[PDB]
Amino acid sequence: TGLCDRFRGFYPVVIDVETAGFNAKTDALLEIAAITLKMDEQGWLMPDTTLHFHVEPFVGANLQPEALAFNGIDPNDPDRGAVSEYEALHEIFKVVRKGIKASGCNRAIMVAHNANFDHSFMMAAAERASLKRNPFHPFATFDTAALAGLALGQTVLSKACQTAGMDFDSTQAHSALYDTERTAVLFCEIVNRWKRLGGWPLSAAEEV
């Protein structure tokens, strides 16, 4: 009934990033939010700790106008409250390592919607920032797009949430914190629903 037993020792952390393009190697990371998860005594999954950072474009970063048009971020607004990629990820890594330790897990796995996108940008930023002992799995992810495909027959984040009976506000979409929060609730609902229907634990699946 513990978090460490649910995903073979992986500590699931929900991540959403905002960027200045689709190229993780060359395009700026502009924003990141992280949500750790916890399991109660009954084995139900729910959000734990929330982190959120506005990120300064790394020196020499490429910025695509169409991306900025999409996410509405102005990297030149001085009142952004932006910090370096190093600062943002160092704090996220610290909180995640603390969570891994306390929960008895072995390492973290990124939960994200179309997770390869966020995973690729996180790894790139961590490499640029020279961060060491990255607690995230270097290639495995929990993609909520695929999970929603299974659980709900939908792959688009907004539609998956709506289909799951969740609230989803289009006026708040495409903002990092809101997207991460909805993705975390969606992941938790998918996992909890599997348990409600008797698919987990495996002993329950074997009944009748």
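Basically, rigid core = biggest C-alpha set you can superpose within 1.5 Å across the two forms. Start at 1 and count along the sequence shown; that's the residue number.
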query: Which of 75-83 and 111-119 strays further in 6 other deposited structures of this protein - Cα RMS after rigid core alignment; finding: 75-83
query: Higher C-alpha RMS shift from the shown form in 6 other deposited structures of this protein - 147-155 or 168-176, rigid core fit; finding: 168-176
query: Of 99-107 and 112-120, the one with larger mean CA B-factor; finding: 99-107
query: Of 78-86 and 129-137, the stretch whose C-alpha atoms average the higher B-factor in the entry; finding: 78-86
query: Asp179, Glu31, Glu41, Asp143, ranked by C-alpha B-factor: the highest one; finding: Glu41
query: Of the residues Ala69, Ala160, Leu150, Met46, the one carrying the largest Cα B-factor as recorded; finding: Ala69
query: Chain-relative CA temperature factor third for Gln154; finding: lowest
query: Chain third (lowest, middle, highest) by recorded CA B-factor, residue given as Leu197; finding: highest
query: Where the record places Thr36 (Cα B-factor, split into thirds across the chain); finding: middle
query: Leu51 - Cα temperature factor, lowest/middle/highest third of chain; finding: middle
query: For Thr183, the third of its chain into which the C-alpha B factor falls; finding: lowest
